[PDB]
Each structure stands twice: as C-alpha cells, then as structure tokens.
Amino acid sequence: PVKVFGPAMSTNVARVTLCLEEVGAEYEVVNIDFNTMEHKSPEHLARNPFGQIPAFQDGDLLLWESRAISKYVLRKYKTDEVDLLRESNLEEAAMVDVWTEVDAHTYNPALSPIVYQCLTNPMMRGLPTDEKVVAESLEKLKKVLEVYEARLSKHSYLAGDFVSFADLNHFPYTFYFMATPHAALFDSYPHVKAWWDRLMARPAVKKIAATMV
C-alpha cells in the first residue's frame, strides 16, 4: 500500500484521502498527534521538512503538500474510466488548473476563516470566535459564490461537464462549513447547492465523510 501521515479529521488529509478512494488505490492512514508535537518530531521532519501534516510515502518516495500529493496519486493510478486531471486534452486540463487555484487563492481564504473561528477555536484549542472576522469573511464569501452560481448554471462541474480534481479540492473545507450555523447560506445559491449534493452522493465522498467525525 501507500502511507498517508496525519489525522483523518484533518481537511488537508481528507484532500489526499479522497483522491485515493476515487482512484480505488490500497492505502493506510498512519495518524500523527498534535498534542504530543509529533509533527515537529524528527521522524516526521524526515517526511516534511516544515513539520506540517500531511506527508506521503510510496515505498522510498516521500512527498508533502496535499495538492502535490493528490496530483501524484491521480497521475499514477490513472485508469481510462478515471482521468480526474484530463492531461490528454490540454484545454480541459487548463480549466482544472484554474478552479484548483480558485480554491487555494479565493474560495478557501474566504471560507476557511469561518470554520477555524466557528469550529476549530471552540471545539479544539478552546479560545472564543471573533464576530469581526466571521462577519467580514461571510460578505467576502457571498460575492465569491456569486461567481460559482454563474459557472455552475452553465456547467455541472467547475471544470466542464465532468468531475475533476477542481471539484474534489472544494470538498474537505466545505464539508466543515456545512456544520457551522451558516451552512444555510448555500440554500440562497441553488446551482451550488445542486453541485454540492451531486458531490455529497458519490460513493468515495460518502466513505471519506465517515472519516471526519
């Protein structure tokens, strides 16, 4: 098998987790304890020089950074009935690259603060939640989902009329947003709600969402 280092709870781990469950590869999730500073430990720095989760072992190959790990997985285990990067078609490719990078640079940075603040703060590491920061991040996110509604009224998926890495990347952080009080926000954006429910009801996503409780 291949080894994935981090808690399953973790969103950046779920990212990699899912990409394996979509490509029906055999894998083990070796946990890492944050309370024990296991991720700063010397065993882990031999995987990730920056001592963050997740990392990845394929025999004598050692990989960090959830999106580089995911590409690598998807390229390696490419069936004809599962090409979620579309490297054959150069233009389909570009439109997975573009919505992969909307998640990392536009969507996640507007959404991730509402989770952390409404959820990681109180549930983990029990500090309070900042009205100032949740309120701002919502407005920021409302005007971002205006573009998603537009795109997801023309296409069934961000990339085109097919599931891609770009769809999957949006799964882990969005899944935790769905447990905040503000999860009814997506109701107001029906074509995005539609695309959500389409993702939620894949077999692979149905599995991994087990591993997030």
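In case it trips you up, residue 1 is the first one in the sequence shown, and so on.
Participant: Tell me which stretch, 157 to 165 or 46 to 54, has the higher mean Cα B-factor listed in the entry.
Facilitator: Result of the comparison: 157 to 165.
Participant: According to the deposited model, is the average Cα temperature factor higher in 67 to 75 or in 126 to 134?
Facilitator: The recorded data point to 126 to 134.
Participant: Pull the Cα B-factor of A184 out of the PDB entry and bin it into the chain's lowest, middle or highest third.
Facilitator: CA B-factor rank for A184: highest third.
Participant: Where does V29 sit by CA temperature factor within its chain: lowest, middle or highest third?
Facilitator: Its C-alpha B-factor belongs to the middle third of this chain's values.
Participant: Please say which third, lowest, middle or highest, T106 falls into when its CA temperature factor is compared across its chain.
Facilitator: For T106, whose C-alpha B-factor we compare with every modelled residue in the chain, the answer is the lowest third.
Participant: Name the third of the chain's ranked CA B-factors that contains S88, choosing lowest, middle or highest.
Facilitator: According to the entry, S88 has a C-alpha B-factor in the chain's highest third.
Participant: Compared with the other modelled residues in the chain, in which third is the CA B-factor of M178?
Facilitator: Within its chain, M178 is a middle-third residue by C-alpha B-factor, going by the deposited values.
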